[PDB]
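We begin with a single chain expressed as structure tokens, specifically the form deposited in one PDB entry.
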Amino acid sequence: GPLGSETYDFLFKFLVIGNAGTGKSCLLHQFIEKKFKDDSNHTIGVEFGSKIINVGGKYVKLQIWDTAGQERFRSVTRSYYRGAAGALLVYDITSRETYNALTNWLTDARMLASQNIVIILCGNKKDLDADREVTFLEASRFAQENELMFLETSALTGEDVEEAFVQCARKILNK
């Protein structure tokens, strides 16, 4: 994967944000490696990944900053919002607390990045439907009201992970 071997037309800076334990790191690992990370522990500060996707015939390299959700890491994660084109905003459909935090994540994102940062809302862990605390309906209405894209995902199965990243990039390229 050296510099001279890659082909891309666009370079986008993305970040993944949301409460601790929502599955942000598993989402990135799923996207890059097409595997469910085993024994995922809390991210210490931040981690990084990149992947080139095909969006409408153009190749887009996504530089992805997987930020720690724990409040102790707030100060070291400020940097990754600045000049970011898009963000996956993640909550856990089994934890209402993670959903209730979205307004604050959203507000901080739009203040630190440009107000027009493209945000896709990811209701993660949808494979755990027996433990669901947040309905699809209320989340979709929250997204509509706050001009966010929205889908539910499973980092465990892989379902909708690729689509979340791709649709975020798609919206950036085209009005």
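For every residue, the number given is its place in the sequence shown, counted from 1.
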Mean temperature factor over C-alpha atoms, higher-scoring stretch between 115-123 and 38-46: 38-46
Once you work out the mean C-alpha B-factor for both 90-98 and 74-82 from the entry, which is higher? 74-82
Largest Cα B-factor, entry values, listed residues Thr107, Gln63, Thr67, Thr135: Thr107
Would you mind checking where the Cα B-factor of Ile32 ranks among the modelled residues of its chain, as the lowest, middle or highest third? highest
Where does the C-alpha B-factor of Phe142 rank in its chain, lowest, middle or highest third? middle
Among modelled residues of the same chain, the CA temperature factor third for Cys26: lowest
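FYI, the form solved in complex with a partner chain isn't displayed, but the following is about it.
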What stretch, of 139-147, 26-34, 125-133, 106-114, brings heavy atoms to within 4.5 Å of the partner chain in the bound PDB entry? 26-34
Look up in the bound PDB entry whether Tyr80 has a non-hydrogen atom within 4.5 angstroms of the partner chain, and give yes or no. yes
Is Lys51 part of the interface with the partner chain in the bound PDB entry - any heavy atom within 4.5 Å? yes
Does any heavy atom of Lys58 come within 4.5 Å of a heavy atom of the partner chain in the bound PDB entry? no
The partner chain contact in the bound PDB entry: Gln63, any heavy atom under 4.5 Å: yes
